[PDB]
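Working notes for the structure below.
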Amino acid sequence: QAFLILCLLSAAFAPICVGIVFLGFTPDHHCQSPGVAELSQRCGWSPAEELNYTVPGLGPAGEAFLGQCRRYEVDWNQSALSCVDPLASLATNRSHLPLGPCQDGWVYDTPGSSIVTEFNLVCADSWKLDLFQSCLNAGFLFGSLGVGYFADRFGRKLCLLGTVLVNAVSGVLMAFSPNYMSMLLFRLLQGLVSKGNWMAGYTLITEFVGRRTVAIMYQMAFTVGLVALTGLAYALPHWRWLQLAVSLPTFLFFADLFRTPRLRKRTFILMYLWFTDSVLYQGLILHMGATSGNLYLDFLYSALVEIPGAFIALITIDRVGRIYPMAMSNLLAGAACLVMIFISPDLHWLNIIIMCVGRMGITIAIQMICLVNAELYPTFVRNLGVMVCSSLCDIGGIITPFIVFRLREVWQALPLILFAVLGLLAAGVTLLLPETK
Ligand SMILES: CN(C)C(=N)NC(=N)N
């Protein structure tokens with residue numbers, strides 16, 4: 001039963017970004033109006049009428065921020081008793097009427113209640129969610145550093161058991177976070193211990209079994225854990241429930257790499273390629289989490305289309321080569337992103353087709369570069385180089401939400417333009433690497 005424990009760890013690594021994708025799914029949050037709600041319940045009692053009358057939806061050019069944070073209430077309550085147009089008592093023009101800030105609670109039209117429902121990160125504090133994911137990725141960086149330090153400090157078994165216990169306790173207590181600062185601290189510690197524990201588990205899986213087929217099986221177990229996480233999240237929406245029920249399964253018991261000019265360029269290229277691969281992966285996953293109204297089934301398809309990509313990679317490691325399939329995969333990802341920005345209102349089936357093609361390309365690129373990294377670097381500083389490249393991977397993970405949630409608010413097209421430019425540049429730059437194969 002050696003493989004079952006590793007598969008369970010892989011499943012426990014699912015909520016890394018999928019955690020904030022499912023938990024951070026922001027529903028249509030309209031700020032609560034005291035007078036309007038009472039009158040609507042008294043006479044209207046219609047969700048469509050309440051949505052149309054509580055907030056001003058007249059947002060030119062698709063701007064919903066004017067209606068996602070404003071009540072535009074003139075304290076009409078039920079005095080007018082029109083029930084067809086309560087806002088007509090003050091003025092006919094809904095947008096021209098003054099709208100004070102909605103500092104009160106927000107109403108989230110969802111049978112479940114995500115993190116935004118229980119923490120009021122509705123519209124004015126979206127950078128709080130961005131900072132949440134950024135703190136998770138900074139936790140990965142500092143946790144790689146701490147895991148290296150602890151491995152150099154005590155050992156490979158006491159550190160492993162300690163970080164596994166820390167991960168289990170951090171998840172369980174993060175399911176019981178009263179305020180936002182405690183949730184942030186627990187997420188930081190969770191990132192630390194999760195990065196360390198996954199690194200240790202992958203190293204043990206690839207070392208104690210003696211094969212790359214075992215690593216492929218580990219990635220497949222990660223995908224299976226992702227599918228199980230999506231299936232479990234669909235059954236129970238609440239974020240506390242999901243966090244508790246995904247943390248419970250875990251609880252069962254030289255630095256001079258820039259010296260050689262020939263090697264410095266290769267290190268720079270590999271760093272940039274992986275960096276942009278992690279950025280594209282997290283960006284597409286968060287985009288799917290923040291644009292789909294059927295996120296459960298869409299995300300299930302996205303997770304299920306990962307394993308044909310893994311099979312293609314396992315077939316093409318020895319067939320295509322080591323540098324040629326990288327450029328093709330990145331160019332395919334860039335073309336897919338361009339089609340996404342060109343086919344947003346064309347067809348949703350076309351949208352999911354392009355999405356799964358892009359995800360397959362990203363998976364191919366990530367697996368190939370993970371192989372190449374360990375393949376080319378010399379044994380003296382292989383770990384060092386892995387840590388150095390993971391540094392920029394964590395930098396990209398930090399940057400990704402702070403750019404996605406800062407550019408989407410002003411225009412929908414900017415994140416896709418940025419992703420396509422990054423992918424095309426990666427495809428055009430990764431072909432200058434020497435013969436890794
Ligand atoms: C596919 N693997 C192994 C990842 N670690 N991916 C990731 N987004 N962290």
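Naming scheme: A, B, ... for chains in displayed order of the structure tokens; residues 1 onward per chain; ligands 1 onward as shown.
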
Close residues, residue 312 in chain A itself excluded, 10 Å, only C-alpha atoms, min 3 positions apart in chain, as a ChimeraX atom specification:
/A:307-309,315-317,360,363-364

Could you write out the selected residues, including N, CA, C and O atoms, as a compact mmCIF listing (two decimals), in the first residue's frame?
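Result file follows (out_13.txt):
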# COMPACT_ATOMS: atom_id res chain seq x y z
N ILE A 307 -4.99 14.38 -18.12
CA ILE A 307 -4.34 13.07 -18.25
C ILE A 307 -4.08 12.65 -19.70
O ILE A 307 -3.08 11.95 -19.93
N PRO A 308 -4.90 13.01 -20.71
CA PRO A 308 -4.41 12.79 -22.08
C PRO A 308 -3.15 13.57 -22.37
O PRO A 308 -2.28 13.09 -23.11
N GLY A 309 -3.01 14.77 -21.80
CA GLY A 309 -1.76 15.50 -21.93
C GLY A 309 -0.59 14.78 -21.30
O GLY A 309 0.51 14.76 -21.85
N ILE A 315 4.50 9.70 -24.05
CA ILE A 315 4.80 9.15 -25.36
C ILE A 315 5.91 9.95 -26.04
O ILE A 315 6.80 9.38 -26.69
N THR A 316 5.88 11.27 -25.91
CA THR A 316 6.72 12.16 -26.72
C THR A 316 8.00 12.60 -26.03
O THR A 316 8.74 13.41 -26.61
N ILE A 317 8.30 12.12 -24.82
CA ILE A 317 9.58 12.45 -24.21
C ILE A 317 10.73 11.89 -25.04
O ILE A 317 11.74 12.56 -25.26
N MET A 360 -3.99 21.41 -22.03
CA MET A 360 -3.13 20.31 -22.48
C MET A 360 -1.74 20.81 -22.85
O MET A 360 -0.73 20.20 -22.48
N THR A 363 0.14 21.67 -19.60
CA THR A 363 0.58 20.46 -18.91
C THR A 363 1.79 19.84 -19.61
O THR A 363 2.75 19.42 -18.95
N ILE A 364 1.75 19.79 -20.95
CA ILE A 364 2.88 19.26 -21.71
C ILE A 364 4.14 20.06 -21.40
O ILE A 364 5.21 19.50 -21.12

What are the DSSP helix (DSSP H, G or I) residues of range 18-198 of chain A, as an MDAnalysis selection string?
chainID A and resid 18:23 34:44 47:54 60:62 86:89 115:119 126:153 158:174 180:198

All residues having an atom within 9 Å of ligand 1 (only C-alpha atoms and all ligand atoms) as a ChimeraX atom specification:
/A:10,13,16-17,195,198,202,218-219,222-223,277-279,281-282,363,366-367,370

Filtering to N, CA and C atoms, could you give me those residues as an mmCIF file, in the first residue's frame?
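Just written: out-v6.cif:
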data_model
loop_
_atom_site.group_PDB
_atom_site.id
_atom_site.type_symbol
_atom_site.label_atom_id
_atom_site.label_comp_id
_atom_site.auth_asym_id
_atom_site.auth_seq_id
_atom_site.Cartn_x
_atom_site.Cartn_y
_atom_site.Cartn_z
ATOM 1 N N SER A 10 -0.901 13.416 -2.925
ATOM 2 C CA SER A 10 -1.182 14.150 -4.154
ATOM 3 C C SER A 10 -2.579 14.759 -4.124
ATOM 4 N N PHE A 13 -2.588 17.742 -2.112
ATOM 5 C CA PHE A 13 -2.003 18.890 -2.795
ATOM 6 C C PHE A 13 -2.968 19.545 -3.782
ATOM 7 N N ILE A 16 -4.253 23.669 -3.521
ATOM 8 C CA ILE A 16 -3.225 24.705 -3.590
ATOM 9 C C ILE A 16 -3.764 25.964 -4.263
ATOM 10 N N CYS A 17 -4.162 25.857 -5.524
ATOM 11 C CA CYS A 17 -4.836 26.944 -6.223
ATOM 12 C C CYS A 17 -6.292 26.626 -6.509
ATOM 13 N N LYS A 195 4.349 22.937 0.436
ATOM 14 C CA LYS A 195 5.472 22.882 -0.491
ATOM 15 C C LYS A 195 6.541 21.919 0.006
ATOM 16 N N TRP A 198 5.150 18.187 -0.227
ATOM 17 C CA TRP A 198 5.069 17.669 -1.587
ATOM 18 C C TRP A 198 6.453 17.425 -2.169
ATOM 19 N N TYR A 202 7.459 13.676 -3.323
ATOM 20 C CA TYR A 202 7.891 13.382 -4.684
ATOM 21 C C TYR A 202 9.299 12.802 -4.699
ATOM 22 N N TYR A 218 2.407 9.487 -10.269
ATOM 23 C CA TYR A 218 2.188 10.467 -9.209
ATOM 24 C C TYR A 218 1.417 11.678 -9.722
ATOM 25 N N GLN A 219 1.772 12.169 -10.909
ATOM 26 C CA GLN A 219 1.025 13.282 -11.493
ATOM 27 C C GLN A 219 -0.410 12.869 -11.811
ATOM 28 N N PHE A 222 -2.261 13.007 -8.699
ATOM 29 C CA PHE A 222 -2.608 14.401 -8.427
ATOM 30 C C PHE A 222 -3.856 14.814 -9.201
ATOM 31 N N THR A 223 -3.942 14.416 -10.471
ATOM 32 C CA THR A 223 -5.130 14.726 -11.268
ATOM 33 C C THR A 223 -6.373 14.035 -10.710
ATOM 34 N N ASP A 277 5.368 29.433 -17.492
ATOM 35 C CA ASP A 277 4.484 28.271 -17.474
ATOM 36 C C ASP A 277 3.644 28.236 -16.204
ATOM 37 N N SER A 278 4.256 28.497 -15.046
ATOM 38 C CA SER A 278 3.476 28.576 -13.814
ATOM 39 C C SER A 278 2.469 29.718 -13.875
ATOM 40 N N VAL A 279 2.882 30.864 -14.426
ATOM 41 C CA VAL A 279 1.978 32.006 -14.539
ATOM 42 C C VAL A 279 0.788 31.659 -15.424
ATOM 43 N N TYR A 281 -0.400 28.659 -16.152
ATOM 44 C CA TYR A 281 -1.219 27.627 -15.523
ATOM 45 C C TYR A 281 -2.161 28.231 -14.488
ATOM 46 N N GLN A 282 -1.611 29.009 -13.550
ATOM 47 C CA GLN A 282 -2.459 29.611 -12.526
ATOM 48 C C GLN A 282 -3.415 30.634 -13.127
ATOM 49 N N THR A 363 0.140 21.674 -19.599
ATOM 50 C CA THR A 363 0.583 20.464 -18.912
ATOM 51 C C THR A 363 1.785 19.841 -19.612
ATOM 52 N N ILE A 366 4.832 22.001 -18.793
ATOM 53 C CA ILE A 366 5.272 21.883 -17.403
ATOM 54 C C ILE A 366 5.998 20.563 -17.184
ATOM 55 N N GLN A 367 5.427 19.462 -17.682
ATOM 56 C CA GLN A 367 6.079 18.166 -17.506
ATOM 57 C C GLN A 367 7.427 18.123 -18.218
ATOM 58 N N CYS A 370 9.964 20.239 -16.338
ATOM 59 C CA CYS A 370 10.346 19.583 -15.092
ATOM 60 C C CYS A 370 11.347 18.466 -15.350
#

Check the smallest atom-to-atom distance from each of A:310, A:175, A:205, A:421 to residue 248 in chain A using only C-alpha atoms, then report the winner.
A:175

I'd like the contact shell of range 90-96 of chain A - 9 Å cut-off, only C-alpha atoms, skipping same-chain residues fewer than 2 positions apart - returned as a PyMOL selection string.
chain A and resi 56-59+66+72+74+76+86-88+98-99

Could you state the separation of CA of residue 181 in chain A and CA of residue 164 in chain A in Å, given to one decimal place?
23.0 Å

So, counting only C-alpha atoms, which residue among A:192, A:433, A:410, A:417 is closest to residue 326 in chain A?
A:433

Need the shell around residue 3 in chain A: protein/DNA/RNA residues with any atom at most 12 Å away, counting only C-alpha atoms. Skip same-chain ones fewer than 5 positions apart. Format as a VMD selection string?
chain A and resid 8 to 10 201 to 202 204 to 206 208 to 209 214 to 215 217 to 218 220 to 221

Near residue 422 in chain A, counting only C-alpha atoms, which residues have an atom at most 9 Å away, once you skip same-chain residues fewer than 3 positions from it, shown as a count of residues only?
11
